[PDB]
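Atoms considered below: every heavy atom in the structure, side chains included; atoms not considered: hydrogens, waters and symmetry mates. Chain naming here is simple, since letters A, B, ... match the order of the sequence lines and numbering starts at 1 in each.
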Amino acid sequence: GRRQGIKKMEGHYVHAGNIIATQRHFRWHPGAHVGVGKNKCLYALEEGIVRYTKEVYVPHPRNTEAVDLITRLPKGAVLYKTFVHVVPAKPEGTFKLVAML
Amino acid sequence: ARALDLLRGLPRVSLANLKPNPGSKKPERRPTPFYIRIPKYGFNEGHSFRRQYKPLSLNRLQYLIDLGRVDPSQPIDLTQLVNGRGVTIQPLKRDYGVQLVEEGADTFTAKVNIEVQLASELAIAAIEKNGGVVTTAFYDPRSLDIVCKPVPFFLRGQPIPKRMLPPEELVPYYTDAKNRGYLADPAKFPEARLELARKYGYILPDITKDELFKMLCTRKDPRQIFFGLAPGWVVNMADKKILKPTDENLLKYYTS
Amino acid sequence: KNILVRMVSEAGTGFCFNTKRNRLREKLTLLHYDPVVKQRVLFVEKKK
Amino acid sequence: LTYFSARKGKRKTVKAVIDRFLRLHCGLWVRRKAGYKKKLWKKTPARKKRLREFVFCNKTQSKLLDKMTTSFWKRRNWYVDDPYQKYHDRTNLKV
RNA sequence: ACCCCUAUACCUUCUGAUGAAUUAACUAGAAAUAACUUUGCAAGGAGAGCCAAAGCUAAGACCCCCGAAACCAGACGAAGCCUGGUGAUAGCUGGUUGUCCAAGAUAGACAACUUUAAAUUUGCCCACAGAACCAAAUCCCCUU
RNA sequence: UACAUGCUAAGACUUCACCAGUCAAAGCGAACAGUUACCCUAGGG
């Protein structure tokens, strides 16, 4: 047992650097504020709540395998994949009165 | 008290009435290892030979000065700290004396002549701001033992030994005017005191003007453990005398 | 087929690192980075 | 371990623990990682950084080590320039 | 009294054959490091040494019985036998003696479960939503 | 295939423990040995 799978489910609060999922193959894709690793493990780049969505898959032009698979699609198909997002909770900062000069 | 009033009416306390406090006596109830696979590292490699120094903070010294336990009108040695029980040092367990500590640098208002084995820059500054003197002196294990508890030494019958010079490692420390070494050049002290006063933003008071200057300038020369006594003397505590040899070779040995 | 060899820095001396090289290919010289002088310098092998 | 020695009737320390571990006065035991100097040529830089690290011990490991060392090794030591002085006391712990 | 009804001796070991005629006597848990409880005193404690970032001192309370072949040394007889090492050791059985109350049984590769005491705050049950391309359900989970 | 497969550092994962293992933001710096029918003893079938 490799003990792979989703580590943090939907609606779960997440801190920066938390690992969301560990996968051998891209079962889930990095979405907003979710970074990937060498092991293709999805970690969180911000602090917030995890959401799982279905999004249109437009792969990178340099990815020749994904590119020609996209080409072989008819003019009826559009590829979809499951993405993982972190909706950030806290604002990135506040303005405080330091001194009255 | 009401309890003694209660005792008035109760039967006499005898050996047939006593009882332990409840909760005092539990009833007798009757009817590759982990630490091997880990690599060796030299965490405790030379621990028995490392020097240790008990910290005397300025809060503690102020507190002891403040309750009459350490007299700041006389020089403050290790003997005075041990007698005032402000510091407890064990020569076994390789203590090498007392290190002054800057804790309580603010709110230290005492004019003292202290002698400590180590002193931080801030602690020296705090003492010298109030018109005080700090010296850093050295004590070998044997002389340190004699200083901390002189009375059990005087019951041993041996003539007072001369304390040894620092080892090679500690000679640069104690020959330096920045840490007020007791083997440092007196001439460089005013420079160092002015540097500290300038750095920490206080005026350096010249000690020569206060009536305690004679006391604040009292130091014991190296190879002396106690202030008024010289090495080679024997203390006769029973009849309250000091015996000093007059032999030439002995005097040469003790004045070396 | 391959040998674990060591290269020694020409600059920032006393710094070395290990790589792998083929048994038949020529003497191995690289341009590595050393933190002794904190710069990139050449490394030339000395011992296999 | 020896709870009662044949000459003094005293407990005895296991010197392997002393040669492998540092005990912080707070109760924490510090150890090195296995293989931090063995076969470094193939290890990835992340792994080498992980192995070149002073690491804390388990609660069970800590109590077991406390059982295999005597009180002398649990005493407060005031060394002169100890790099681990700041770690001997514990700060802001709320259990 | 019996007749009626009810009632598969006990102990040990198995997941649920062993021993014991009977009576009397004898016959089997030994360690205070830490921690806890109760005192003393308290930035100090302790009747030197030791400890101390509330500690230290003192007390209390935890660690069984029987049962090899061997090996060694020195004798005594003609390898054996004896004494000592020796309460040898290793395995594996068996036995471990008053009462009451409370808590208290099934994953595994030390861990799991279990006891006591202490500090604090969520625990369990769970609804929508939510978890992959190549059936049962499970994970997550606010309400209640 | 590569020579920054450098240095440091939040936060997490993990084969039910442990030991080991992974991922990583920001920052600095850079690109861009057999045998015993002589066998012996404690047990088990």
Side-chain angles (χ1 to χ4, degrees), chain A residues 1-99, chain C residues 33 35, chain D residues 26 28 30-36 40 42-62 86-87 90-95:
Chain A
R2 294 96 55 76
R3 267 80 180 168
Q4 312 222 100
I6 289 310
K7 301 292 143 71
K8 295 200 135 11
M9 285 311 195
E10 200 206 19
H12 284 190
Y13 193 79
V14 146
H15 306 280
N18 265 10
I19 280 180
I20 281 144
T22 325
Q23 58 213 334
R24 207 39 161 275
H25 298 108
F26 264 104
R27 204 185 145 164
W28 309 277
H29 276 250
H33 305 293
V34 165
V36 86
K38 285 168 192 102
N39 278 124
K40 318 178 310 315
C41 90
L42 303 173
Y43 66 99
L45 293 153
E46 291 298 326
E47 192 181 344
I49 307 272
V50 168
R51 293 309 190 191
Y52 288 88
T53 66
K54 269 77 200 310
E55 294 301 343
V56 283
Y57 179 46
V58 45
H60 199 271
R62 205 66 32 72
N63 187 358
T64 200
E65 273 299 339
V67 151
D68 59 356
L69 201 286
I70 264 51
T71 277
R72 289 170 180 280
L73 260 56
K75 325 289 298 321
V78 156
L79 266 166
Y80 275 103
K81 298 280 187 186
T82 297
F83 288 31
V84 199
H85 318 273
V86 166
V87 179
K90 330 192 80 47
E92 50 274 56
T94 88
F95 295 92
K96 320 298 305 318
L97 184 74
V98 161
Chain C
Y33 162 73
Chain D
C26 48
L28 283 181
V30 173
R31 73 179 183 79
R32 268 279 209 173
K33 287 206 78 78
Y36 75 109
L40 264 44
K42 103 190 81 50
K43 303 219 225 262
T44 180
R47 180 155 143 190
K48 282 142 72 180
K49 165 65 139 51
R50 285 192 279 265
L51 293 170
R52 287 182 292 106
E53 261 212 8
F54 298 135
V55 153
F56 286 116
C57 288
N58 224 351
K59 166 202 212 313
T60 89
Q61 294 163 356
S62 295
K86 36 187 307 206
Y87 303 113
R90 208 80 199 280
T91 168
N92 277 302
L93 232 196
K94 220 73 49 62
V95 195

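Between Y57(A) and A66(A), the shortest heavy-atom distance links the atoms OH-CB, 4.0 Å. Between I6(A) and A21(A), the shortest heavy-atom distance links the atoms CD1-CB, 3.5 Å. Scanning both residues, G31(A) and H85(A), for their nearest heavy atoms gives CA-ND1, 3.6 Å. When all heavy atoms are compared, the tightest approach of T22(A) to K7(A) is OG1-NZ, 3.0 Å. In this structure, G35(D) and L40(D) approach most closely via the heavy-atom pair O-CD1, 3.8 Å. The two residues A44(A) and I20(A) have their closest heavy-atom pair at CB-CD1, 3.9 Å.
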Inset, instruction - Check the pair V36(A) / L42(A) against side chain to side chain contact (heavy atoms under 4.5 Å, CB included), numbers first and verdict last. - result: CA-CA 5 Å; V36(A) 86; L42(A) 303 173; 4.0 Å; yes

Inset, instruction - Before giving the answer on side chain to side chain contact (heavy atoms under 4.5 Å, CB included), spell out for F54(D) and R31(D) the whole-Å C-alpha distance, their side-chain angles and the decisive distance to 0.1 Å. - result: CA-CA 6 Å; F54(D) 298 135; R31(D) 73 179 183 79; over 6 Å; no

Legend entry - Working for side chain to side chain contact (heavy atoms under 4.5 Å, CB included), residues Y80(A) and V56(A): CA-CA 5 Å; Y80(A) 275 103; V56(A) 283; 3.6 Å; yes

Legend entry - Trace of the side chain to side chain contact (heavy atoms under 4.5 Å, CB included) decision for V84(A) with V50(A): CA-CA 7 Å; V84(A) 199; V50(A) 168; 3.8 Å; yes

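By the 4.5 Å heavy-atom criterion applied to side chains, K8(A) and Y13(A) are not counted as neighbours. Within the 4.5 Å cutoff, the side chain of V30(D) has heavy atoms near those of the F56(D) side chain.
Residue pairs meeting the salt bridge (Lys or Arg N to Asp or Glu O under 4.0 Å) criterion with at least one partner in residues 55-82 of chain A, sequence neighbours excluded, are absent. Residue pairs satisfying the salt bridge (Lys or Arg N to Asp or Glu O under 4.0 Å) criterion with at least one member in residues 43-62 of chain D, sequence neighbours excluded, are absent. For residues 9-26 of chain A, the pairs satisfying salt bridge (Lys or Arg N to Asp or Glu O under 4.0 Å) are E10(A)-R51(A), with sequence neighbours left out.
No more than 12 heavy atoms of other residues, nucleotides or ligands lie within 6.0 Å of NZ in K90(A), so this atom counts as exposed by the packing criterion. The number of heavy atoms from other shown groups lying within 6.0 Å of OH (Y87(D)) does not exceed 12.
In this structure, CG on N18(A) lies 12.0 Å from NE2 on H12(A), to the nearest 0.5 angstrom. Here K40(A) contributes atom NZ and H29(A) contributes atom NE2; the two are 10.5 Å apart, rounded to the nearest 0.5 Å. Taking CG of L28(D) as the start and OG of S62(D) as the end, the distance is 6.5 Å to the nearest 0.5 Å. Residue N39(A) holds its CG atom at 8.0 Å from CD of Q4(A), rounded to the nearest 0.5 Å. Distance CD1/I70(A) to OG1/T64(A): 11.0 Å, rounded to 0.5 Å.
With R27(A) contributing its side chain and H25(A) its backbone, the two residues share no donor-acceptor pair below 3.5 Å.
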